[PDB]
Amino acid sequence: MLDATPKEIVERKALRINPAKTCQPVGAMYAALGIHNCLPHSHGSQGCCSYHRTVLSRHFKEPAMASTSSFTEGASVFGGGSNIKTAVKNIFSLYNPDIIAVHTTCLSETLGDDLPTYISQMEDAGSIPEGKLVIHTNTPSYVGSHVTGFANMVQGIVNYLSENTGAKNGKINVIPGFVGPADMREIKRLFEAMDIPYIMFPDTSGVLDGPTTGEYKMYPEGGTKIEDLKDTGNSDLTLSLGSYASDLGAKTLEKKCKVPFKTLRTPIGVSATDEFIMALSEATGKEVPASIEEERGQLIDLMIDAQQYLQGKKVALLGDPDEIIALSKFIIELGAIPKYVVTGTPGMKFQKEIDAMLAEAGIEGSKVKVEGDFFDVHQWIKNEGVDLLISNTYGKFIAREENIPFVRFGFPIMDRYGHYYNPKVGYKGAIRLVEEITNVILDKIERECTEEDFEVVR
């Protein structure tokens, strides 16, 4: 498998192969689905919109709704103003969201379409029914990655909705970053266990992991509600989880509404979850309850119980930067070695944070690459093998070709059922990861060992 990939490496300057990222707009579409009664709208040629809806459905095994401006060549040269205006009238009348959340593509951005103008003309002409809203963000696909797209849509939400009306809510805002609905559910559970009022946004729990009732519901029960989105301006503090995904939204909200904000890693593993929990207590004076302490202690117990299988193991990891920074820390905390560490998403944060945790652990010679791809990591592996691979679905080709125990992680995972009901964050998610990691390590051991080496107990 992957036969064309050579062991001997010639560095690539231009040819991108098997990317460890995708483009902005699906991140914005995902963010917009984290608003209740919202229809995401893609302002570009309809190809983008179909592709981006498709990846979400493939991952979640759920519907994923969005509309598009459906640019034709004419609009792609002279502007897409009529397209979007035509779209809004068709959307509100046929589909009746409470809010349309617009993002853009390489097409409308290259063209320089002026959405604030289009939207105001739309406002002034009455194309937007009473009590209905239209917001936007700009999401050029040639900049950054889908994570950047998520971040831009969050800002967009802040720009249009967040109002400090002076009537303080006594809540903490939390921007959970580019994590799954299971993870959002776990973060909320922890807020609730701590007895802390909060507003989470965006929130795709109840939207992209919902039940079958026998009636298709276009706008699912979930999503952060518009009125709560507005109220974010009245909170005491915003927690930004994952700098790449969440900071821009949080800084914007401070600028606009003077809500202070602290940045925290995506809470994956011991230190990152500890730092998240310590932040909630330090910010509210609230006591960390017994239930949460028990979970942490079970994780530590598991880390120690399973230690022999983790110590010194070489791990290749690819994915999105917030999640991979945190996961790489967790790997080090389990006694293991982040050997090859890559995100397709550009930015120095990752290079720095990763280089620094390795230095600190005294780990030498690991390869860290920002804007690296799956072809990179495969060539590395061919030169020096690893004991574990963690990535989205596209790692399965390397796992099979090189025979490496494989953990599906992050976005998108399109080839398994029920994974989207499991968190990777928190002490609870950390416990799941350690189980999943040791499971796939032991599965390989017991498959391949000599029969006389086969064991009852492990």
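Rigid core here is just the name for the largest C-alpha set that superposes within 1.5 Å across the two forms. One-based numbering along the sequence shown.
Comparing 121-129 with 77-85 by root mean square Cα distance to the shown form in 4 other deposited structures of this protein, with the rigid core used for the fit, gives 77-85 as the more displaced stretch. Displacement analysis by core superposition in 4 other deposited structures of this protein ranks 68-76 above the other of 174-182 and 68-76 in root-mean-square C-alpha distance from the shown form. Higher mean CA temperature factor between 82-90 and 314-322: 82-90, per the PDB entry. Mean CA temperature factor is higher for 4-12 when stretches 4-12 and 449-457 are set side by side in the entry.
Of the candidates 209, 376, 73, 274, it is 73 whose Cα B-factor is highest according to the PDB record.
For the set 139, 307, 328, 127, the maximum C-alpha B-factor listed in the entry falls on 127. Placement of the Cα temperature factor of residue 203 within the chain: middle third of the modelled residues, per the deposited record. Annotation for residue 258: CA B-factor lies in the highest third of the chain's modelled residues.
Sort the modelled residues of the chain by CA B factor and residue 170 lands in the highest third. Per-chain ranking of the deposited C-alpha B factor places residue 293 in the middle third. For residue 97, the recorded CA temperature factor ranks within the highest third of the chain's modelled residues.
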